[PDB]
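> Whatever this is, show me its structure:
(one chain, ligands or ions: 1)
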Amino acid sequence: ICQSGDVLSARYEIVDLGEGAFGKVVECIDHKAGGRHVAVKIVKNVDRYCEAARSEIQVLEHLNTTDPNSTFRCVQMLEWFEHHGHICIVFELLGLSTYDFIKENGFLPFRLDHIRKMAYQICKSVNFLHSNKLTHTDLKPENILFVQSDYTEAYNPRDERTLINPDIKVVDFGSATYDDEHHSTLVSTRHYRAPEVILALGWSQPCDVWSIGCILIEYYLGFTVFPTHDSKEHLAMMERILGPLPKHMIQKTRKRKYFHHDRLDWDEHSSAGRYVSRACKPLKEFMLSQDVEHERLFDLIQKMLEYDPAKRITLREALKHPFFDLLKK
Ligand SMILES: COC(=N)c1nc2ccc3ncnc(Nc4ccc(OC)cc4F)c3c2s1
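Residues are numbered from 1 along each chain as shown. Pasting the structure now:
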(Lines give C-alpha, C1' and ligand atoms only; values in the text may rest on other atoms or scores of the structure.)
Protein backbone atom coordinates (compact mmCIF):
# COMPACT_ATOMS: atom_id res chain seq x y z
CA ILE A 1 0.00 0.00 0.00
CA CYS A 2 1.03 3.70 0.59
CA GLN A 3 1.97 4.69 -3.11
CA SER A 4 0.65 8.12 -4.38
CA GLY A 5 -2.43 7.92 -6.60
CA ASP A 6 -3.88 5.19 -4.25
CA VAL A 7 -7.39 5.83 -2.85
CA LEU A 8 -8.19 4.80 0.75
CA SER A 9 -11.78 3.97 1.86
CA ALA A 10 -13.04 5.14 -1.62
CA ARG A 11 -12.33 8.74 -0.48
CA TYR A 12 -8.72 9.74 0.35
CA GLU A 13 -6.41 10.14 -2.70
CA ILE A 14 -2.73 9.84 -1.59
CA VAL A 15 -0.63 12.83 -2.84
CA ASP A 16 2.66 12.69 -0.66
CA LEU A 17 4.97 13.00 4.86
CA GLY A 18 6.88 10.74 7.33
CA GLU A 19 7.71 7.10 8.25
CA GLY A 20 8.27 5.76 11.79
CA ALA A 21 7.90 2.67 14.05
CA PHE A 22 4.04 2.87 13.79
CA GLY A 23 3.80 2.95 9.98
CA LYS A 24 3.44 5.97 7.64
CA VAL A 25 1.70 9.39 7.55
CA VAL A 26 0.57 10.44 4.00
CA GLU A 27 -1.21 13.58 2.68
CA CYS A 28 -4.56 12.94 0.90
CA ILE A 29 -7.22 14.88 -0.95
CA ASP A 30 -10.62 14.11 0.74
CA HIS A 31 -12.84 13.70 -2.34
CA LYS A 32 -15.92 13.78 0.09
CA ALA A 33 -15.08 16.99 2.04
CA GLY A 34 -14.72 19.37 -0.98
CA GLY A 35 -11.15 18.07 -1.73
CA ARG A 36 -9.90 19.17 1.69
CA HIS A 37 -6.29 17.91 2.15
CA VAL A 38 -5.84 15.62 5.20
CA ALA A 39 -3.03 13.64 6.88
CA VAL A 40 -3.70 9.89 7.20
CA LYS A 41 -1.71 7.71 9.61
CA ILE A 42 -1.48 4.15 8.28
CA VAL A 43 -0.51 1.91 11.24
CA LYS A 44 1.53 -1.31 10.93
CA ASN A 45 -0.69 -4.43 11.27
CA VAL A 46 1.37 -5.36 14.43
CA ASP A 47 -0.19 -6.10 17.90
CA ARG A 48 1.83 -3.29 19.74
CA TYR A 49 0.74 -0.65 17.11
CA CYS A 50 -2.86 -1.94 16.61
CA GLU A 51 -3.27 -1.66 20.43
CA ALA A 52 -1.78 1.87 20.46
CA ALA A 53 -3.90 3.03 17.47
CA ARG A 54 -7.20 1.66 19.01
CA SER A 55 -6.12 3.52 22.21
CA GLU A 56 -5.24 6.77 20.31
CA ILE A 57 -8.71 6.82 18.63
CA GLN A 58 -10.39 6.38 22.09
CA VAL A 59 -8.29 9.30 23.48
CA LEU A 60 -8.91 11.44 20.42
CA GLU A 61 -12.72 10.96 20.60
CA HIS A 62 -12.52 12.23 24.20
CA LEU A 63 -10.13 15.17 23.62
CA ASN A 64 -11.87 16.33 20.45
CA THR A 65 -15.40 16.22 21.99
CA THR A 66 -14.16 17.83 25.25
CA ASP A 67 -12.48 20.63 23.18
CA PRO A 68 -14.39 20.79 19.87
CA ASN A 69 -12.87 24.26 18.92
CA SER A 70 -9.27 22.95 19.64
CA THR A 71 -8.53 25.78 22.12
CA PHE A 72 -5.91 23.41 23.68
CA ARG A 73 -4.18 22.63 20.39
CA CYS A 74 -4.44 18.79 20.37
CA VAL A 75 -4.59 17.62 16.71
CA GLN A 76 -8.17 17.02 15.46
CA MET A 77 -9.10 13.47 14.33
CA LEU A 78 -11.64 13.61 11.46
CA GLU A 79 -12.41 9.86 11.00
CA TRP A 80 -10.79 6.39 11.18
CA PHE A 81 -11.20 3.16 9.10
CA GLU A 82 -9.54 -0.13 7.98
CA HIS A 83 -7.68 -0.53 4.68
CA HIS A 84 -6.42 -4.08 3.95
CA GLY A 85 -6.49 -4.82 7.76
CA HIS A 86 -4.43 -1.66 8.56
CA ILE A 87 -5.96 0.97 10.90
CA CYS A 88 -5.96 4.40 9.24
CA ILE A 89 -6.48 7.56 11.27
CA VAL A 90 -7.45 10.78 9.40
CA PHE A 91 -6.34 14.10 10.98
CA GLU A 92 -6.47 17.79 10.08
CA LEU A 93 -3.33 18.54 7.96
CA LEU A 94 -0.58 20.39 9.96
CA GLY A 95 2.95 21.44 8.80
CA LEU A 96 6.39 19.98 9.64
CA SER A 97 7.18 18.57 13.10
CA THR A 98 9.55 20.81 15.09
CA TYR A 99 12.12 17.94 14.75
CA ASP A 100 11.80 17.96 10.93
CA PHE A 101 11.92 21.81 10.83
CA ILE A 102 15.10 21.85 13.01
CA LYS A 103 16.77 19.16 10.87
CA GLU A 104 15.75 20.92 7.56
CA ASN A 105 17.32 24.03 9.23
CA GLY A 106 20.72 22.28 9.46
CA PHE A 107 20.09 21.42 13.15
CA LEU A 108 20.05 25.20 13.96
CA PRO A 109 18.16 26.34 17.11
CA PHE A 110 14.90 28.33 17.32
CA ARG A 111 15.23 32.00 18.24
CA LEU A 112 14.15 32.82 21.78
CA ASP A 113 10.85 34.71 20.97
CA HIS A 114 9.67 31.60 18.96
CA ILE A 115 10.70 29.22 21.83
CA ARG A 116 8.59 31.37 24.22
CA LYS A 117 5.35 31.11 22.11
CA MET A 118 5.99 27.36 21.38
CA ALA A 119 6.81 26.58 25.08
CA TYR A 120 3.61 28.31 26.18
CA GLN A 121 1.35 26.39 23.73
CA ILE A 122 3.05 23.04 24.57
CA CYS A 123 2.43 23.65 28.35
CA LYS A 124 -1.18 24.76 27.59
CA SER A 125 -1.96 21.71 25.37
CA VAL A 126 -0.37 19.13 27.73
CA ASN A 127 -1.78 20.78 30.87
CA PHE A 128 -5.21 20.24 29.20
CA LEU A 129 -4.40 16.46 28.97
CA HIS A 130 -3.27 16.70 32.62
CA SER A 131 -6.70 18.28 33.52
CA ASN A 132 -8.44 15.26 31.96
CA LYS A 133 -6.53 12.63 34.03
CA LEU A 134 -4.20 11.92 31.03
CA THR A 135 -0.39 11.65 30.70
CA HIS A 136 1.08 11.86 27.11
CA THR A 137 4.26 9.86 28.07
CA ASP A 138 5.92 10.43 24.66
CA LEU A 139 6.42 14.19 24.19
CA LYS A 140 9.33 15.02 21.88
CA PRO A 141 10.03 17.37 18.98
CA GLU A 142 8.78 14.77 16.41
CA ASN A 143 5.32 14.89 18.20
CA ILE A 144 5.00 18.77 18.27
CA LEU A 145 3.82 20.01 14.80
CA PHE A 146 3.53 23.51 13.35
CA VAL A 147 -0.06 24.33 12.25
CA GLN A 148 1.90 25.81 9.27
CA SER A 149 5.70 25.57 8.72
CA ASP A 150 6.29 28.33 6.05
CA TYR A 151 9.64 30.20 6.56
CA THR A 152 11.95 33.02 5.41
CA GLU A 153 15.65 32.29 4.70
CA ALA A 154 18.61 34.68 5.43
CA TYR A 155 22.42 34.47 6.04
CA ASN A 156 23.98 34.99 9.59
CA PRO A 157 27.41 35.62 11.12
CA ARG A 158 25.38 30.00 7.95
CA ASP A 159 21.93 30.26 6.16
CA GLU A 160 18.88 30.29 8.58
CA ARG A 161 15.13 29.63 8.38
CA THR A 162 12.66 31.57 10.62
CA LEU A 163 8.98 30.57 10.94
CA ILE A 164 6.30 33.04 9.74
CA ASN A 165 3.89 31.47 12.29
CA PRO A 166 5.34 29.38 15.17
CA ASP A 167 1.90 28.04 16.34
CA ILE A 168 1.95 24.30 17.18
CA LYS A 169 -0.28 21.35 17.96
CA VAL A 170 0.53 18.11 19.85
CA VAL A 171 0.11 14.66 18.14
CA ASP A 172 0.42 10.91 18.83
CA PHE A 173 -1.92 9.88 21.66
CA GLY A 174 -1.01 6.19 21.15
CA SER A 175 0.91 5.99 24.49
CA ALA A 176 -1.37 8.46 26.38
CA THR A 177 -2.52 6.79 29.70
CA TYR A 178 -5.51 7.62 32.04
CA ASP A 179 -4.83 8.02 35.81
CA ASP A 180 -6.65 4.73 36.62
CA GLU A 181 -5.44 2.77 33.51
CA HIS A 182 -2.49 0.30 33.78
CA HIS A 183 0.92 2.10 33.84
CA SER A 184 3.68 0.47 31.65
CA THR A 185 7.21 0.36 33.23
CA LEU A 186 8.93 1.70 30.00
CA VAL A 187 7.58 5.06 28.72
CA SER A 188 8.97 7.93 26.55
CA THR A 189 11.75 8.00 23.89
CA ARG A 190 14.98 7.54 25.95
CA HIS A 191 16.25 11.18 25.47
CA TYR A 192 12.97 12.60 26.97
CA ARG A 193 12.51 9.84 29.67
CA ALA A 194 12.05 11.17 33.31
CA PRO A 195 14.20 9.81 36.19
CA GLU A 196 11.09 8.38 37.95
CA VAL A 197 10.62 6.25 34.78
CA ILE A 198 14.23 4.98 34.57
CA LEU A 199 14.13 4.16 38.31
CA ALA A 200 10.64 2.50 38.02
CA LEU A 201 9.43 4.59 40.96
CA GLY A 202 6.07 4.93 39.09
CA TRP A 203 5.19 8.01 37.00
CA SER A 204 2.30 10.31 36.09
CA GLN A 205 1.64 13.85 34.68
CA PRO A 206 5.08 14.99 35.96
CA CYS A 207 6.99 12.65 33.47
CA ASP A 208 5.48 14.95 30.72
CA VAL A 209 6.96 18.03 32.42
CA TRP A 210 10.46 16.46 32.33
CA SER A 211 9.95 15.60 28.60
CA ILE A 212 8.95 19.25 27.90
CA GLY A 213 12.02 20.62 29.65
CA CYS A 214 14.19 18.34 27.47
CA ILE A 215 12.27 19.59 24.44
CA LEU A 216 12.91 23.24 25.44
CA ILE A 217 16.73 22.70 25.73
CA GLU A 218 16.72 20.92 22.38
CA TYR A 219 14.87 23.89 20.76
CA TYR A 220 17.39 26.28 22.38
CA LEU A 221 20.59 24.39 21.40
CA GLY A 222 19.54 22.33 18.30
CA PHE A 223 20.79 19.12 19.96
CA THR A 224 19.74 17.01 23.02
CA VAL A 225 21.72 17.31 26.29
CA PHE A 226 21.17 13.50 26.70
CA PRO A 227 22.72 12.05 23.49
CA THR A 228 22.44 8.37 24.72
CA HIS A 229 20.90 4.90 24.00
CA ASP A 230 21.69 3.47 27.55
CA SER A 231 19.87 3.94 30.92
CA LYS A 232 22.92 4.10 33.22
CA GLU A 233 24.67 6.53 30.78
CA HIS A 234 21.43 8.63 30.90
CA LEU A 235 21.55 8.83 34.75
CA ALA A 236 25.29 9.75 34.54
CA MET A 237 24.55 12.58 32.05
CA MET A 238 21.77 13.83 34.45
CA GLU A 239 24.44 13.95 37.25
CA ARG A 240 27.09 16.07 35.44
CA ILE A 241 24.23 18.38 34.12
CA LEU A 242 21.66 18.50 37.03
CA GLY A 243 23.69 17.47 40.15
CA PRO A 244 23.45 14.20 42.20
CA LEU A 245 20.22 12.11 42.17
CA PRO A 246 18.27 12.53 45.42
CA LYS A 247 19.15 10.15 48.35
CA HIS A 248 15.51 8.89 48.66
CA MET A 249 14.96 7.92 44.93
CA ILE A 250 18.21 5.90 44.80
CA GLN A 251 17.19 3.86 47.93
CA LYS A 252 13.52 3.32 46.79
CA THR A 253 14.45 2.02 43.26
CA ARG A 254 14.22 -1.76 42.60
CA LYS A 255 16.52 -0.82 39.61
CA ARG A 256 19.45 -1.73 41.85
CA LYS A 257 21.54 -2.98 38.87
CA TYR A 258 22.41 0.76 38.03
CA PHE A 259 23.83 1.16 41.60
CA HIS A 260 26.95 0.30 43.60
CA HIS A 261 25.82 0.91 47.24
CA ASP A 262 24.26 4.45 47.15
CA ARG A 263 26.50 5.97 44.32
CA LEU A 264 25.69 5.51 40.58
CA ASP A 265 27.87 2.48 39.48
CA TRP A 266 29.83 4.52 36.90
CA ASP A 267 33.40 4.21 35.49
CA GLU A 268 34.66 7.81 34.71
CA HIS A 269 37.70 6.48 32.72
CA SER A 270 35.79 3.91 30.51
CA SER A 271 34.70 4.87 26.94
CA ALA A 272 31.23 6.16 27.98
CA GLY A 273 32.73 7.77 31.13
CA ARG A 274 35.08 9.91 28.95
CA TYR A 275 32.11 10.80 26.64
CA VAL A 276 29.98 12.08 29.59
CA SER A 277 32.87 14.15 31.07
CA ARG A 278 33.70 15.89 27.72
CA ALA A 279 30.11 16.32 26.30
CA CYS A 280 28.12 17.06 29.54
CA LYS A 281 28.48 19.96 32.07
CA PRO A 282 26.30 22.02 34.48
CA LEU A 283 23.03 23.00 32.73
CA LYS A 284 23.41 26.84 33.06
CA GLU A 285 26.78 26.62 31.12
CA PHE A 286 24.81 25.76 27.92
CA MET A 287 23.34 29.31 28.06
CA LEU A 288 24.20 31.29 24.88
CA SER A 289 23.44 34.67 26.58
CA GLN A 290 23.33 36.00 30.17
CA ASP A 291 20.30 38.14 29.03
CA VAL A 292 17.43 38.09 31.62
CA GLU A 293 15.05 36.34 29.12
CA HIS A 294 17.71 33.60 28.62
CA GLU A 295 18.07 33.40 32.44
CA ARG A 296 14.26 33.20 32.67
CA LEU A 297 13.92 30.24 30.20
CA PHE A 298 16.77 28.48 32.02
CA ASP A 299 15.12 28.99 35.44
CA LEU A 300 11.94 27.37 33.95
CA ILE A 301 13.93 24.49 32.28
CA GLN A 302 15.75 23.86 35.66
CA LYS A 303 12.34 23.57 37.45
CA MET A 304 11.01 21.24 34.73
CA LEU A 305 14.09 18.97 35.40
CA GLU A 306 13.55 18.73 39.18
CA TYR A 307 14.52 15.07 39.99
CA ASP A 308 11.61 14.58 42.49
CA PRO A 309 8.37 14.47 40.45
CA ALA A 310 6.33 15.68 43.50
CA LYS A 311 8.58 18.81 43.76
CA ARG A 312 8.68 19.13 39.93
CA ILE A 313 6.80 22.28 38.78
CA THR A 314 3.35 21.52 37.25
CA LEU A 315 2.29 22.80 33.81
CA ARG A 316 -0.36 24.94 35.61
CA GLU A 317 2.57 26.62 37.51
CA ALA A 318 4.73 26.62 34.31
CA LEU A 319 2.18 28.79 32.47
CA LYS A 320 2.54 31.47 35.21
CA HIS A 321 6.41 31.40 35.02
CA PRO A 322 8.10 34.76 34.26
CA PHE A 323 9.51 33.63 30.88
CA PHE A 324 5.87 33.90 29.64
CA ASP A 325 5.20 37.47 31.10
CA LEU A 326 6.39 38.94 27.73
CA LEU A 327 3.32 37.10 26.13
CA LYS A 328 0.90 38.78 28.63
CA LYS A 329 2.12 42.40 27.78
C1 LIG B 1 2.22 16.12 9.14
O2 LIG B 1 0.80 16.39 9.15
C3 LIG B 1 -0.03 15.95 10.14
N4 LIG B 1 -1.18 16.41 10.33
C5 LIG B 1 0.19 14.90 11.06
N6 LIG B 1 -0.78 14.46 11.81
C7 LIG B 1 -0.34 13.42 12.62
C8 LIG B 1 -1.11 12.70 13.53
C9 LIG B 1 -0.56 11.73 14.29
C10 LIG B 1 0.82 11.44 14.21
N11 LIG B 1 1.32 10.50 15.07
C12 LIG B 1 2.61 10.28 14.98
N13 LIG B 1 3.50 10.85 14.18
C14 LIG B 1 3.05 11.79 13.34
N15 LIG B 1 3.95 12.50 12.62
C16 LIG B 1 5.37 12.46 12.65
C17 LIG B 1 6.12 13.48 13.21
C18 LIG B 1 7.51 13.48 13.10
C19 LIG B 1 8.15 12.45 12.43
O20 LIG B 1 9.48 12.28 12.15
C21 LIG B 1 10.39 13.29 12.59
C22 LIG B 1 7.41 11.40 11.88
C23 LIG B 1 6.05 11.44 12.00
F24 LIG B 1 5.31 10.49 11.38
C25 LIG B 1 1.64 12.13 13.29
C26 LIG B 1 1.01 13.12 12.48
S27 LIG B 1 1.73 14.11 11.25
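> what are the ranges of the strands in the stretch 1-150 of the chain?
Using DSSP state E, counting those that start in this stretch, the strands found in the stretch 1-150 of the chain span residues 7-8, 12-14, 23-30, 36-43, 77-83, 86-92, 134-135, 144-146.
> which bits of this protein sit near the ligand?
By C-beta under 6 Å from any ligand atom, the residues of the chain that approach the ligand are 17-18, 20, 25, 39, 41, 75, 91, 93-94, 97, 99-100, 142, 145, 171-172. In short, each C-beta sits where N, CA and C put it, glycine included.
> if we can go back for a sec, can you list the strands of the stretch 1-150 of the chain in JSON lines and add distance to residue 288 and mean neighbour count?
Listed next are the strands of the stretch 1-150 of the chain as JSON lines, based on distance: least, C-beta to C-beta, whole Å; neighbours: other C-beta atoms under 10 Å:
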{"stretch": "strand 7-8", "distance to residue 288": "45", "mean neighbour count": "17"}
{"stretch": "strand 12-14", "distance to residue 288": "42", "mean neighbour count": "21"}
{"stretch": "strand 23-30", "distance to residue 288": "33", "mean neighbour count": "20"}
{"stretch": "strand 36-43", "distance to residue 288": "34", "mean neighbour count": "20"}
{"stretch": "strand 77-83", "distance to residue 288": "38", "mean neighbour count": "17"}
{"stretch": "strand 86-92", "distance to residue 288": "35", "mean neighbour count": "21"}
{"stretch": "strand 134-135", "distance to residue 288": "32", "mean neighbour count": "24"}
{"stretch": "strand 144-146", "distance to residue 288": "21", "mean neighbour count": "26"}
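> right, and the ones you listed - which one's nearest residue 197?
Between residue 197 and these, the shortest separation by C-beta to C-beta is 10.8 Å, and it involves strand 134-135.
> Show me the contact partners of that closest one.
Applying C-beta atoms under 8 Å, 6 or more residues apart in numbering, the external contacts of strand 134-135 come out as 59, 63, 129, 176-179, 203-205, 207-208.
> Mark which of those residues are part of helices, please.
59, 63, 129, 207-208 (DSSP state H).
> List just the nearest of those to the ligand.
Among the ones in helices among the contacts of strand 134-135, residue 59 lies closest to the ligand (C-beta to the nearest ligand atom), at 11.5 Å.
> and that closest one, how many neighbours does it have?
Residue 59: 21 surrounding residues under other C-beta atoms under 10 Å.
> Return the residues in contact with it.
Listed by C-beta under 8 Å, 6+ apart, the contact partners of residue 59 are 134, 173, 176.
> Now the second one: closest residue in space that isn't a chain neighbour?
Nearest-residue entry for residue 173: residue 59, 4.1 Å, with adjacent residues in sequence omitted and distances by C-beta to C-beta, 6 or more residues apart in numbering.
> Out of the contacts of residue 59, flag the one nearest to residue 310.
When the contacts of residue 59 are compared against residue 310 (criterion: C-beta to C-beta), the nearest one is residue 134, at 19.1 Å.
> Please look at residue 226 and residue 214 and confirm they touch.
Yes - if you go by C-beta atoms under 8 Å, residue 226 and residue 214 touch, sitting 6.9 Å apart.
> Could you count how many residues lie near whichever residue of the stretch 201-329 of the chain sits closest to the ligand?
Of the residues in the stretch 201-329 of the chain, the one nearest the ligand is residue 218, at a distance of 12.6 Å by C-beta to the nearest ligand atom. For residue 218, the count of nearby residues is 22 (other C-beta under 10 Å).
> does it really touch residue 226, like I thought?
No - assessed by C-beta under 8 Å, residue 218 is found out of contact with residue 226, at 9.4 Å.
> Residue 253 reaches residue 199, doesn't it?
Yes - Residue 253 lies in contact with residue 199 (C-beta under 8 Å); the separation is 4.0 Å.
> Looking at the two, which one has more neighbours?
Ranked by neighbour count (other C-beta under 10 Å), residue 253 and residue 199 place residue 199 first, with 21 against 18.
> Pairing partners for the closest residue to residue 41 other than its chain neighbours in the sheet, please.
Distance criterion C-beta to C-beta, 6+ apart; nearest residue to residue 41, sequence neighbours excluded, is residue 89 at 4.5 Å. Note on residue 89: beta-bridge partners by DSSP bridges are residue 41, residue 80.
> thought residue 89 was touching residue 53?
Yes - assessed by C-beta under 8 Å, residue 89 is found in contact with residue 53 at 6.6 Å.
> Please enumerate the shared neighbours of those two.
Residues touching both residue 89 and residue 53 (C-beta under 8 Å, 6+ apart): 41, 43.
> show me where the stretch 151-300 of the chain has strands.
Using DSSP E, counting those that start in this stretch, the strands of the stretch 151-300 of the chain run over 151-154, 160-163, 168-170, 177-178, 259-260, 263-264.
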